[PDB]
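**Student:** Please see the structure below; I have some questions.
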Amino acid sequence: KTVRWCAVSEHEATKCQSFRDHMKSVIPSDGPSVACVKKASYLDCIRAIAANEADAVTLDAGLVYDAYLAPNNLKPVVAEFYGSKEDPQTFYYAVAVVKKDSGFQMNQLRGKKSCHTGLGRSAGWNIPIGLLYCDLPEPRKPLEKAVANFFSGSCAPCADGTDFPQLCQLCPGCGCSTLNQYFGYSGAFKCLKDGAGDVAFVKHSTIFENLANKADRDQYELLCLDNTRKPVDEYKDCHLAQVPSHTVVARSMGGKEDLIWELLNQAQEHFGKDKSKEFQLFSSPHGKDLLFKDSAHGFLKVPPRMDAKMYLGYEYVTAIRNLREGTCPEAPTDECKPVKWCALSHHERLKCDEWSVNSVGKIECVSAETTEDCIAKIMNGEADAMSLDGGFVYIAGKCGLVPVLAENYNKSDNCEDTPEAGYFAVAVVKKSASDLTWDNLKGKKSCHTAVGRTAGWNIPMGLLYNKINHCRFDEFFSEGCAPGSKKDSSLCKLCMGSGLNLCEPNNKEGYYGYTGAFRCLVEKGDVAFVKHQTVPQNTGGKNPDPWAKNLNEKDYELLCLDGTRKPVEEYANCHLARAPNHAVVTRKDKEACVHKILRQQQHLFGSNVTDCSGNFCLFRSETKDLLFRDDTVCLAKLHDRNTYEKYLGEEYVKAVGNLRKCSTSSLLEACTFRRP
Ligand SMILES: [N]
Ligand SMILES: [N]
Ligand SMILES: [N]
Ligand SMILES: [N]
Ligand SMILES: [Pt+2]
Ligand SMILES: [Pt+2]
């Protein structure tokens, strides 16, 4: 129950010691305790932790990566934050600030002028140059020389002036102090403001510190990695790297990440920001930034599924990977690299394998355990593309993936050129009960296609989450039929299945499915949740079943969102959400290549191929819906609809968003930590 904290100096050990003493008093025997193991460097601390000699140490982003690498394999567990609970700011963003309409992008930096905070600074030097690595001329070592040949002129504080003079061009001498007017953050900025340099590699917050006026800031933009610009205000969407300010790391396995959190949670409570004046956790008596940066306002728990690569982000792990590995390709600059497709079943792998060979190597395959694991691989570039349901397009979206292609199910000559946007989720109710509107749903009887089903459970409960604001959905409706709910709940009370199939989500339920929930409606229901065309196909003598024969369209009215009721054929206007198609999801950088390859592939192996027994086709599975849903005819392009928020309905998002409050995703909780 003793967390062995690691000290890198004698000063740190002292603070650790008092931190052992003060936590000793305020904590009962049944509580966390601190040990003080004293090594000589952060590296030594990393090796100590991994060798199970220490338990936790807090590191700068650079060492967070070092800790991740074999054989240490250490992971972020706790984060320092630098604001409030509502404004944590555990991360920063290395950016590239430029003049407005200076007329160039990230891939057009060769032969420009640059302003750096200082050589060896992360945001100012390491991150930019790291990204820029493959564009530098040979030889790239020494790094100073290659960057000198890259930019026409530069201000690189602390750079070797005598040897590589072009790095001092903007600030001769390359003064490594505030003497140099172009040194530091504000200095790297006024290097740009004075028009001496074309681009300044600073922090997202730098611009705000120098120019107080919203007016002046408007003549400045940011270079985004996708070779677009954006306002200085949208840094979270236009940064070169998101960097964790301070992070505690422990062993990936048996690290005691709970012991650590338990300790630091109580430590920040008793001795946190101002909450004591006998001992300050974030105040160093003999020095500054002992154990923790004095900036720190408190701690946050890092979600469990977070690995270092995920925490740092692909951009950051690209930069340093380049600086260290220094391995650039020589593959043609124009041509697209093979797209690694993600498979999550053994058959999915087998199908992907067949595809891959027939794709003449233009498609490659990667096996992963979960769907969430696949998304993680796309994120950190262990894979390229995969298809996701609406609910996973969301999760991937909050993780900074993008929909690119949508699965089209309705045969259409020029389908490739028209996305579908799926069907319409509706809440139907008998016309007779005029009292029934969206609001007074509380306590009524209900009918669901099933629990987990899109239109029957997801959108309804997701929207009606605001009206309940807890995770006991059965307590909303007095009684209902939700096939799959606990046999004993109130959502199983209106299900007319005999025996074992009493409340099971199968055909023998009879109150299951789209038709089934409508029978639940027509007989003993106050509301049913079905698609738009469920009423038209189950009425007007289209259904020769007993209960359905003589049911008519006029008799039922679907309920709307604003409180109104509408007729069945006005579903277009009276809907809950637009339950979406499955979509191909990829990383922003691989968007172009994926659009290309998949379009070519669906020509060769698409729906347009017969004799599917003599030639491979992409849309026929051995078992069921491998890689793509079998109902697919083509993969439509998503120009204009190429974000998660723009592909999924604002409504759909609200629903799934609310639902994910009750049902947690270890991946979703991770991505939302990085981007809330
Ligand atoms: N492990
Ligand atoms: N592991
Ligand atoms: N029934
Ligand atoms: N029934
Ligand atoms: Pt493990
Ligand atoms: Pt029945």
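As shown in the structure tokens, the chain order sets the letters A, B, ...; within each chain, residues go from 1, and ligands are also counted from 1 in the order they appear.
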Give me, as a tab-separated table, each residue of chain A that comes within 12 Å of ligand 4, together with its shortest interatomic pair and the distance in Å at one decimal, counting only C-alpha atoms and all ligand atoms, with rows ordered by chain and rising residue number.
**Tutor:**
residue	atom	partner	partner_atom_place_in_ligand_line	distance
A:494	CA	ligand 4	1 (N)	11.3
A:495	CA	ligand 4	1 (N)	9.9
A:496	CA	ligand 4	1 (N)	7.3
A:497	CA	ligand 4	1 (N)	9.4
A:498	CA	ligand 4	1 (N)	11.4
A:508	CA	ligand 4	1 (N)	11.5
A:509	CA	ligand 4	1 (N)	10.3
A:510	CA	ligand 4	1 (N)	7.3
A:511	CA	ligand 4	1 (N)	8.3
A:512	CA	ligand 4	1 (N)	11.7
A:515	CA	ligand 4	1 (N)	11.7
A:516	CA	ligand 4	1 (N)	9.4
A:517	CA	ligand 4	1 (N)	11.3
A:518	CA	ligand 4	1 (N)	11.1
A:519	CA	ligand 4	1 (N)	7.3
A:520	CA	ligand 4	1 (N)	8.3
A:521	CA	ligand 4	1 (N)	11.0
A:522	CA	ligand 4	1 (N)	9.8
A:523	CA	ligand 4	1 (N)	7.6
A:524	CA	ligand 4	1 (N)	9.8
A:545	CA	ligand 4	1 (N)	9.6
A:546	CA	ligand 4	1 (N)	7.8
A:547	CA	ligand 4	1 (N)	6.4
A:548	CA	ligand 4	1 (N)	9.5
**Student:** Using N, CA and C atoms, can you export the residues from the last selection as a JSON list (two decimals), in the first residue's frame?
**Tutor:**
[["chain", "number", "residue", "atom", "x", "y", "z"],
["A", 494, "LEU", "N", -44.99, -6.59, -21.38],
["A", 494, "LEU", "CA", -45.93, -6.52, -22.49],
["A", 494, "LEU", "C", -45.45, -7.37, -23.66],
["A", 495, "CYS", "N", -44.70, -8.44, -23.36],
["A", 495, "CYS", "CA", -44.17, -9.32, -24.39],
["A", 495, "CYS", "C", -44.86, -10.68, -24.30],
["A", 496, "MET", "N", -45.50, -11.08, -25.41],
["A", 496, "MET", "CA", -46.43, -12.19, -25.46],
["A", 496, "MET", "C", -45.75, -13.41, -26.09],
["A", 497, "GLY", "N", -44.55, -13.73, -25.58],
["A", 497, "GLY", "CA", -43.84, -14.94, -25.99],
["A", 497, "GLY", "C", -44.03, -16.04, -24.95],
["A", 498, "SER", "N", -44.28, -17.27, -25.42],
["A", 498, "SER", "CA", -44.58, -18.38, -24.53],
["A", 498, "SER", "C", -43.31, -19.14, -24.17],
["A", 508, "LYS", "N", -39.65, -15.70, -32.26],
["A", 508, "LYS", "CA", -40.65, -16.41, -31.47],
["A", 508, "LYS", "C", -41.22, -15.50, -30.38],
["A", 509, "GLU", "N", -40.63, -14.30, -30.25],
["A", 509, "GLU", "CA", -41.13, -13.28, -29.34],
["A", 509, "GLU", "C", -42.49, -12.77, -29.82],
["A", 510, "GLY", "N", -42.57, -12.48, -31.12],
["A", 510, "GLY", "CA", -43.82, -12.05, -31.73],
["A", 510, "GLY", "C", -44.08, -10.56, -31.53],
["A", 511, "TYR", "N", -43.48, -9.99, -30.48],
["A", 511, "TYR", "CA", -43.53, -8.55, -30.25],
["A", 511, "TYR", "C", -42.15, -7.95, -30.54],
["A", 512, "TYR", "N", -41.30, -8.74, -31.20],
["A", 512, "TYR", "CA", -39.94, -8.35, -31.55],
["A", 512, "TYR", "C", -39.91, -7.84, -32.99],
["A", 515, "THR", "N", -42.11, -5.07, -37.35],
["A", 515, "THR", "CA", -43.49, -5.53, -37.45],
["A", 515, "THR", "C", -44.02, -5.83, -36.05],
["A", 516, "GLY", "N", -43.15, -6.43, -35.21],
["A", 516, "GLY", "CA", -43.53, -6.94, -33.90],
["A", 516, "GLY", "C", -43.86, -5.83, -32.91],
["A", 517, "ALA", "N", -43.08, -4.74, -32.94],
["A", 517, "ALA", "CA", -43.28, -3.60, -32.06],
["A", 517, "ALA", "C", -44.55, -2.85, -32.46],
["A", 518, "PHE", "N", -44.95, -3.00, -33.73],
["A", 518, "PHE", "CA", -46.15, -2.36, -34.24],
["A", 518, "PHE", "C", -47.38, -3.15, -33.81],
["A", 519, "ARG", "N", -47.24, -4.49, -33.75],
["A", 519, "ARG", "CA", -48.29, -5.35, -33.22],
["A", 519, "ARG", "C", -48.45, -5.07, -31.73],
["A", 520, "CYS", "N", -47.31, -4.88, -31.05],
["A", 520, "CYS", "CA", -47.27, -4.45, -29.67],
["A", 520, "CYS", "C", -48.02, -3.13, -29.53],
["A", 521, "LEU", "N", -47.92, -2.27, -30.56],
["A", 521, "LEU", "CA", -48.58, -0.98, -30.57],
["A", 521, "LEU", "C", -50.08, -1.17, -30.77],
["A", 522, "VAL", "N", -50.45, -1.92, -31.82],
["A", 522, "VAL", "CA", -51.83, -1.99, -32.29],
["A", 522, "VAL", "C", -52.71, -2.70, -31.25],
["A", 523, "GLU", "N", -52.13, -3.66, -30.53],
["A", 523, "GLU", "CA", -52.86, -4.42, -29.53],
["A", 523, "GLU", "C", -52.83, -3.68, -28.19],
["A", 524, "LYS", "N", -51.64, -3.65, -27.56],
["A", 524, "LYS", "CA", -51.52, -3.24, -26.18],
["A", 524, "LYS", "C", -50.34, -2.28, -26.00],
["A", 545, "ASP", "N", -51.50, -11.41, -41.91],
["A", 545, "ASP", "CA", -51.48, -12.01, -40.59],
["A", 545, "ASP", "C", -52.78, -11.69, -39.85],
["A", 546, "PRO", "N", -53.15, -12.45, -38.79],
["A", 546, "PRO", "CA", -54.44, -12.27, -38.12],
["A", 546, "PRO", "C", -54.73, -10.86, -37.63],
["A", 547, "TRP", "N", -53.81, -10.33, -36.81],
["A", 547, "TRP", "CA", -53.97, -9.08, -36.09],
["A", 547, "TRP", "C", -53.88, -7.87, -37.03],
["A", 548, "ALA", "N", -53.35, -8.09, -38.24],
["A", 548, "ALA", "CA", -52.89, -7.01, -39.09],
["A", 548, "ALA", "C", -53.81, -6.78, -40.29]]
**Student:** Might you pull out every residue within 12 Å of residue 71 of chain A, with only C-alpha atoms counted and same-chain residues fewer than 5 positions away left off, and present them as a PyMOL selection string?
**Tutor:** chain A and resi 46-51+66+251-252
**Student:** Please produce a file of the residues just selected, as an mmCIF file, in the first residue's frame, where the atoms kept are N, CA, C and O atoms.
**Tutor:**
data_model
loop_
_atom_site.group_PDB
_atom_site.id
_atom_site.type_symbol
_atom_site.label_atom_id
_atom_site.label_comp_id
_atom_site.auth_asym_id
_atom_site.auth_seq_id
_atom_site.Cartn_x
_atom_site.Cartn_y
_atom_site.Cartn_z
ATOM 1 N N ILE A 46 12.947 5.754 -14.679
ATOM 2 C CA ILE A 46 12.165 4.948 -15.606
ATOM 3 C C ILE A 46 12.556 3.479 -15.452
ATOM 4 O O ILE A 46 11.684 2.616 -15.350
ATOM 5 N N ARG A 47 13.869 3.214 -15.423
ATOM 6 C CA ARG A 47 14.387 1.858 -15.332
ATOM 7 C C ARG A 47 14.036 1.261 -13.972
ATOM 8 O O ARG A 47 13.785 0.062 -13.873
ATOM 9 N N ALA A 48 14.021 2.112 -12.938
ATOM 10 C CA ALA A 48 13.683 1.698 -11.586
ATOM 11 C C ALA A 48 12.239 1.204 -11.530
ATOM 12 O O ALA A 48 11.982 0.105 -11.043
ATOM 13 N N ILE A 49 11.312 2.022 -12.046
ATOM 14 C CA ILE A 49 9.891 1.707 -12.059
ATOM 15 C C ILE A 49 9.677 0.369 -12.766
ATOM 16 O O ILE A 49 9.011 -0.516 -12.231
ATOM 17 N N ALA A 50 10.259 0.240 -13.964
ATOM 18 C CA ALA A 50 10.090 -0.932 -14.809
ATOM 19 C C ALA A 50 10.673 -2.171 -14.131
ATOM 20 O O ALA A 50 10.136 -3.266 -14.274
ATOM 21 N N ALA A 51 11.774 -1.977 -13.392
ATOM 22 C CA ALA A 51 12.434 -3.058 -12.680
ATOM 23 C C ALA A 51 11.798 -3.252 -11.304
ATOM 24 O O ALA A 51 12.360 -3.941 -10.454
ATOM 25 N N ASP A 66 9.943 7.916 -23.926
ATOM 26 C CA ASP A 66 11.075 7.089 -23.541
ATOM 27 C C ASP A 66 10.598 5.945 -22.650
ATOM 28 O O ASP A 66 11.056 4.814 -22.795
ATOM 29 N N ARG A 251 4.189 1.119 -14.492
ATOM 30 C CA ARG A 251 4.292 -0.083 -15.307
ATOM 31 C C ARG A 251 2.963 -0.346 -16.009
ATOM 32 O O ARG A 251 1.900 -0.161 -15.419
ATOM 33 N N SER A 252 3.048 -0.784 -17.272
ATOM 34 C CA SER A 252 1.883 -1.066 -18.096
ATOM 35 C C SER A 252 1.025 -2.147 -17.443
ATOM 36 O O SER A 252 -0.201 -2.091 -17.515
#
**Student:** Would you please give, as an MDAnalysis selection string, all residues of segment 12-136 of chain A that DSSP assigns to alpha helix (DSSP H) based on the backbone?
**Tutor:** chainID A and resid 12:26 42:50 61:68 127:132
**Student:** Using only C-alpha atoms and all ligand atoms, determine which residues fall within 10 Å of ligand 2, then list them as a ChimeraX atom specification.
**Tutor:** /A:73,252-254
**Student:** Which of these residues is nearest to residue 551 of chain A, using only C-alpha atoms: A:336, A:171, A:375, A:535?
**Tutor:**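 The shortest atom-to-atom distance to residue 551 of chain A comes from A:535.
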**Student:** Determine, counting only C-alpha atoms, which protein, DNA and RNA residues have an atom within 6 Å of an atom of residue 528 of chain A; residues of the same chain fewer than 3 positions away are not included. Present the result as a VMD selection string.
**Tutor:** chain A and resid 427 to 428 446 to 448 517 521
**Student:** Looking at A:58, A:18, A:205, A:228, which one is nearest to residue 105 of chain A, with distances taken over only C-alpha atoms?
**Tutor:** A:228
**Student:** Tell me which of A:429, A:344, A:77, A:167 sits closest to residue 554 of chain A, counting only C-alpha atoms.
**Tutor:**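 The answer is A:429, which sits nearest to residue 554 of chain A.
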**Student:** Just give me the gap between atom CA of residue 269 of chain A and atom CA of residue 293 of chain A in Å, one decimal is fine.
**Tutor:**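 A separation of 16.9 Å between them.
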**Student:** Apply DSSP to the backbone of this structure and, from segment 440-669 of chain A, keep only the residues in strand (DSSP E); write these as a list in words.
**Tutor:**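 Selecting the strand (DSSP E) positions of segment 440-669 of chain A gives residues 446, 447, 448, 480, 481, 528, 529, 530, 531, 556, 557, 558, 559, 565, 566, 567, 583, 584, 585, 586, 634, 635, 636 and 637 of chain A.
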**Student:** With distances taken over only C-alpha atoms, which of A:61, A:191, A:347, A:120 is nearest to residue 621 of chain A?
**Tutor:**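 Under the stated criterion, the closest residue is A:347.
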**Student:** List the spatial neighbours of segment 30-43 of chain A as a ChimeraX atom specification - criterion: any atom at most 8 Å away, only C-alpha atoms, same-chain residues fewer than 4 positions off excluded.
**Tutor:** /A:1-10,13,16-17,19-20,23-24,47,53-54,59,63,259,262-263
**Student:** For residue 218 of chain A, work out the shell of residues within 10 Å, counting only C-alpha atoms and skipping chain neighbours fewer than 6 positions away, then give it as a PyMOL selection string.
**Tutor:** chain A and resi 99-100+231-233
**Student:** List the neighbours of residue 492 of chain A out to 12 Å using only C-alpha atoms; skip same-chain residues closer than 5 positions along the sequence, and give me the result as an MDAnalysis selection string.
**Tutor:** chainID A and resid 445:448 450:451 474 477:487 497 501:505 509 511:512 520
**Student:** For a quick check of understanding, using only C-alpha atoms, which of A:21, A:364, A:330, A:237 has the smallest distance to residue 385 of chain A?
**Tutor:**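 The closest residue to residue 385 of chain A is A:364.
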